[PDB]
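Here's protein32.cif, which has mmCIF, C-alpha atoms and all ligand atoms:
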data_start
#
loop_
_atom_site.label_atom_id
_atom_site.label_comp_id
_atom_site.auth_asym_id
_atom_site.auth_seq_id
_atom_site.Cartn_x
_atom_site.Cartn_y
_atom_site.Cartn_z
CA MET A 1 77.72 119.78 144.05
CA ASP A 2 75.81 119.16 140.83
CA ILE A 3 77.14 117.66 137.61
CA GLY A 4 75.64 118.46 134.21
CA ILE A 5 77.11 115.48 132.36
CA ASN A 6 78.69 112.52 134.15
CA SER A 7 81.52 110.75 132.34
CA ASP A 8 81.24 106.96 132.36
CA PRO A 9 78.37 105.55 130.18
CA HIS A 10 80.66 106.16 127.21
CA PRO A 11 84.07 104.52 126.57
CA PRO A 12 87.52 106.15 127.03
CA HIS A 13 88.14 106.90 123.36
CA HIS A 14 87.88 105.13 120.01
CA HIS A 15 88.07 107.78 117.29
CA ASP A 16 89.56 106.71 113.96
CA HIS A 17 90.42 108.48 110.71
CA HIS A 18 88.98 105.73 108.50
CA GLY A 19 90.95 104.72 105.41
CA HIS A 20 92.18 107.19 102.80
CA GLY A 21 93.37 106.30 99.30
CA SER A 22 92.30 103.11 97.54
CA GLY A 23 90.11 101.25 100.02
CA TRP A 24 89.90 98.04 98.00
CA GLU A 25 89.82 94.90 100.13
CA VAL A 26 93.29 93.37 99.81
CA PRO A 27 95.07 91.67 102.78
CA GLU A 28 98.53 93.18 103.26
CA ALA A 29 99.70 89.59 103.21
CA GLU A 30 98.57 89.02 99.61
CA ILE A 31 100.08 92.27 98.55
CA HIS A 32 103.52 91.42 99.82
CA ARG A 33 103.65 87.61 99.60
CA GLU A 34 104.12 86.41 96.01
CA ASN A 35 104.66 88.34 92.90
CA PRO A 36 106.75 86.97 90.02
CA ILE A 37 107.37 89.82 87.61
CA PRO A 38 109.90 89.70 84.69
CA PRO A 39 111.14 93.30 84.01
CA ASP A 40 111.17 93.82 80.25
CA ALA A 41 109.63 95.78 77.40
CA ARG A 42 107.50 92.89 76.34
CA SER A 43 105.94 92.65 79.76
CA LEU A 44 105.21 96.30 79.45
CA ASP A 45 104.01 96.14 75.89
CA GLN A 46 102.19 92.86 76.04
CA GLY A 47 101.04 93.64 79.50
CA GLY A 48 99.85 96.84 77.99
CA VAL A 49 97.46 94.95 75.72
CA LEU A 50 95.87 92.92 78.50
CA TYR A 51 94.15 95.90 80.00
CA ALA A 52 93.82 97.53 76.60
CA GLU A 53 91.84 94.66 75.24
CA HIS A 54 88.83 95.52 77.30
CA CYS A 55 89.73 97.84 80.20
CA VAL A 56 91.11 100.81 78.16
CA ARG A 57 87.93 101.12 76.24
CA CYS A 58 86.63 102.53 79.52
CA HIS A 59 89.65 103.95 81.38
CA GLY A 60 92.97 104.38 79.56
CA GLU A 61 95.46 101.72 78.61
CA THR A 62 96.38 101.18 82.23
CA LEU A 63 97.31 104.35 84.09
CA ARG A 64 96.38 107.30 81.92
CA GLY A 65 92.70 106.68 82.26
CA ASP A 66 92.17 108.78 79.13
CA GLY A 67 89.51 106.27 77.93
CA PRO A 68 88.77 106.28 74.14
CA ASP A 69 85.19 104.95 74.29
CA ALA A 70 84.36 106.22 77.77
CA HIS A 71 82.52 109.25 76.41
CA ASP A 72 79.32 107.19 76.33
CA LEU A 73 80.35 105.18 79.38
CA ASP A 74 79.98 106.27 82.99
CA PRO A 75 81.33 109.73 84.04
CA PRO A 76 85.06 110.56 83.66
CA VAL A 77 87.48 107.96 84.92
CA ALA A 78 90.35 108.39 87.40
CA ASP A 79 94.08 108.52 86.66
CA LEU A 80 95.78 105.35 87.85
CA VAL A 81 99.28 106.73 87.22
CA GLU A 82 98.79 108.97 90.22
CA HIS A 83 97.39 106.15 92.34
CA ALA A 84 99.76 103.52 90.97
CA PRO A 85 102.66 104.29 93.37
CA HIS A 86 99.97 103.98 96.05
CA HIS A 87 99.12 100.44 94.95
CA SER A 88 101.54 97.55 95.47
CA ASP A 89 102.37 94.66 93.14
CA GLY A 90 100.68 91.88 95.13
CA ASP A 91 97.49 93.95 95.31
CA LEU A 92 97.14 94.41 91.56
CA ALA A 93 98.23 90.83 90.98
CA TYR A 94 95.75 89.75 93.64
CA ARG A 95 92.87 91.73 92.18
CA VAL A 96 93.55 90.64 88.61
CA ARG A 97 93.68 87.02 89.65
CA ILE A 98 90.98 86.64 92.33
CA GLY A 99 89.16 89.96 92.00
CA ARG A 100 85.61 90.14 93.31
CA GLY A 101 83.54 89.51 90.18
CA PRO A 102 82.14 92.80 88.82
CA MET A 103 85.35 94.13 87.26
CA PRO A 104 88.44 92.27 88.60
CA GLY A 105 89.01 88.55 88.60
CA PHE A 106 90.77 88.14 85.26
CA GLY A 107 92.74 85.19 86.66
CA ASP A 108 90.60 82.96 84.47
CA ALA A 109 90.56 85.46 81.61
CA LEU A 110 94.32 85.87 81.78
CA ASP A 111 97.19 83.72 82.88
CA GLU A 112 99.68 84.41 85.60
CA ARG A 113 102.14 85.26 82.90
CA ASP A 114 99.77 87.97 81.82
CA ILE A 115 99.00 88.98 85.33
CA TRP A 116 102.63 89.82 85.96
CA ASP A 117 102.66 91.67 82.66
CA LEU A 118 99.65 93.70 83.78
CA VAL A 119 101.70 94.35 86.90
CA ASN A 120 104.81 95.12 84.90
CA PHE A 121 103.38 97.69 82.49
CA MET A 122 101.56 99.53 85.29
CA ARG A 123 104.61 99.36 87.49
CA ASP A 124 106.89 100.61 84.76
CA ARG A 125 104.60 103.27 83.48
CA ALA A 126 103.76 104.57 86.94
CA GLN A 127 107.48 104.85 87.59
CA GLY A 128 108.25 106.59 84.30
CA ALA A 129 105.67 109.17 85.37
CA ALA A 130 107.59 109.74 88.59
CA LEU A 131 110.66 110.76 86.63
CA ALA A 132 108.80 113.91 85.59
CA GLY A 133 108.69 114.75 89.30
CA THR A 134 104.98 114.36 90.02
CA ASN A 135 104.98 111.45 92.47
CA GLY A 136 103.08 112.73 95.51
CA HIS A 137 100.97 115.27 93.61
CA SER A 138 100.30 116.75 90.17
CA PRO A 139 103.08 117.07 87.54
CA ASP A 140 104.91 120.40 87.36
CA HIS A 141 105.59 121.80 83.89
CA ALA A 142 107.33 124.98 85.06
CA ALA A 143 110.60 125.59 83.23
CA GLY A 144 113.58 126.44 85.43
CA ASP A 145 111.92 125.00 88.53
CA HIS A 146 113.74 121.67 88.75
CA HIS A 147 116.45 121.33 91.39
CA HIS A 148 120.18 120.75 90.91
CA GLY A 149 120.31 118.25 88.05
CA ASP A 150 119.93 119.04 84.35
CA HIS A 151 121.77 116.58 82.11
CA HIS A 152 120.94 117.23 78.46
CA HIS A 153 118.72 120.28 78.84
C1 LIG A 201 83.57 100.82 81.75
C2 LIG A 201 82.79 100.19 80.60
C3 LIG A 201 84.63 99.96 82.40
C4 LIG A 201 85.23 98.80 81.95
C5 LIG A 201 84.88 97.98 80.75
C6 LIG A 201 86.27 98.50 82.91
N1 LIG A 201 86.29 99.41 83.95
FE1 LIG A 201 87.48 99.45 85.50
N2 LIG A 201 86.59 101.07 86.14
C7 LIG A 201 85.55 101.76 85.55
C8 LIG A 201 85.15 102.90 86.33
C9 LIG A 201 84.07 103.87 86.02
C10 LIG A 201 85.97 102.92 87.41
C11 LIG A 201 85.95 103.92 88.52
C12 LIG A 201 87.11 104.92 88.42
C13 LIG A 201 86.71 106.24 89.08
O1 LIG A 201 86.88 107.27 88.45
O2 LIG A 201 86.25 106.20 90.21
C14 LIG A 201 86.85 101.79 87.29
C15 LIG A 201 87.82 101.47 88.20
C16 LIG A 201 88.66 100.40 88.10
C17 LIG A 201 89.67 100.08 89.08
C18 LIG A 201 89.97 100.84 90.33
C19 LIG A 201 90.98 101.96 90.11
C20 LIG A 201 91.46 102.51 91.45
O3 LIG A 201 91.46 103.72 91.61
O4 LIG A 201 91.81 101.71 92.30
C21 LIG A 201 90.29 98.97 88.64
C22 LIG A 201 91.42 98.25 89.31
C23 LIG A 201 89.66 98.61 87.40
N3 LIG A 201 88.65 99.49 87.07
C24 LIG A 201 90.02 97.52 86.64
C25 LIG A 201 89.43 97.16 85.45
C26 LIG A 201 89.86 96.04 84.65
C27 LIG A 201 90.90 95.03 85.01
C28 LIG A 201 89.09 96.05 83.54
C29 LIG A 201 89.27 95.19 82.32
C30 LIG A 201 89.32 93.69 82.67
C31 LIG A 201 88.16 97.15 83.69
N4 LIG A 201 88.38 97.84 84.86
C32 LIG A 201 87.16 97.45 82.80
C33 LIG A 201 84.95 101.39 84.39
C34 LIG A 201 85.28 100.30 83.63
#
Full structure transcribed into structure tokens:
Amino acid sequence: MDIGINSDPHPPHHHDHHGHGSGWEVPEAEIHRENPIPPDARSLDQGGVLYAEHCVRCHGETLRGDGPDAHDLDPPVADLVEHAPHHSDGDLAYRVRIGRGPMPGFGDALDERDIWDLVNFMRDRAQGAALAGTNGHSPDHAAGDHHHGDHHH
């Protein structure tokens, strides 16, 4: 007989949950297309200096984000070790090489050889942190909580 609100002027439905996690602009195609990474200690160590030369002074060597001279710098920094498994190789290699300008874009500051090292040390470190059994959340330090699997306890 009488309608209070007719359904039509509006569309069927277009509700989204936005993006959660990183958010950085990086085409999935650049993230998964080319990434030459040599897996060694030198890539880890030397790759560890790349970021440590200038980036650690604000947020940890690479993943820790413990920052040594960040006390005067902007508010506390995030922990990349927790977000590392969330970031792919092409993405970090893509950001270090092309970046945007402000912070990333060290493709001219570093070489590809370094870029893979930056990718190696973060990739190795982030993984070593997973061993502790924290991947997916915070690290548990409760003794006698681990599942079946001791080996040298
Ligand atoms: C302070 C003087 C900084 C210097 C020098 C560098 N970065 Fe930085 N970076 C800084 C802040 C405050 C933040 C925000 C972190 C937060 O808590 O929100 C960042 C962040 C990044 C990120 C993003 C991390 C992520 O969660 O995805 C990247 C990839 C990054 N910074 C890279 C980077 C590099 C390569 C630098 C050296 C060349 C570098 N930063 C220096 C502060 C500062």
> Which is closest to ligand LIG 201 (chain A) among A:7, A:46, A:135, A:88, if we use all atoms listed in the file?
Replying inline: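 Nearest to ligand LIG 201 (chain A): A:88.
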>> Nearest residue to ligand LIG 201 (chain A) out of A:37, A:31, A:44, A:63, using only C-alpha atoms and all ligand atoms?
In response: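 Closest candidate: A:63.
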>> Using only C-alpha atoms and all ligand atoms for the distances, tell me which of A:62, A:35, A:6, A:138 is nearest to ligand LIG 201 (chain A).
In response: A:62
>> as an MDAnalysis selection string, please: every protein or nucleic acid residue near ligand LIG 201 (chain A) (cut-off 9 Å, counting all atoms listed in the file).
In response: chainID A and resid 21:24 50:59 62 65 67 69:70 72:80 83:84 87 92 95:96 99 102:106 109 118
> atom CA of residue A:136 and atom CA of residue A:86, how far apart in Å?
Replying inline: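 Answer for the atom CA of residue A:86 to atom CA of residue A:136 separation: 9.3 Å.
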> Given the choices A:90, A:85, A:11, A:19, which gets closest to residue A:116 if the distance is worked out from all atoms listed in the file?
Replying inline: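 Once distances to residue A:116 are computed over all atoms listed in the file, the minimum belongs to A:90.
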> Taking (110.6, 90.0, 85.8) in the file's coordinates as the center, which residues reach within 10 Å of it, counting all atoms listed in the file, put as a list in words?
Replying inline: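 Result, sorted by chain then residue number: residues 35, 36, 37, 38, 39, 40, 43, 116, 117, 119 and 120 of chain A.
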>> Can you measure atom CA of residue A:28 to atom CA of residue A:133 for me? One decimal in Å is fine.
In response: 27.6 Å
> Of the candidates A:110, A:93, A:81, A:49, which shows the shortest atom-to-atom distance to residue A:130, using only C-alpha atoms?
Replying inline: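 Of all the options, A:81 lies closest to residue A:130.
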> Using all atoms listed in the file, which residue out of A:16, A:124, A:145, A:140 lies closest to residue A:41?
Replying inline: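 Using all atoms listed in the file, the shortest distance to residue A:41 belongs to A:124.
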> How many Å lie between atom CA of residue A:17 and atom CA of residue A:139, rounded to one decimal?
Replying inline: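 Answer for the atom CA of residue A:17 to atom CA of residue A:139 separation: 27.8 Å.
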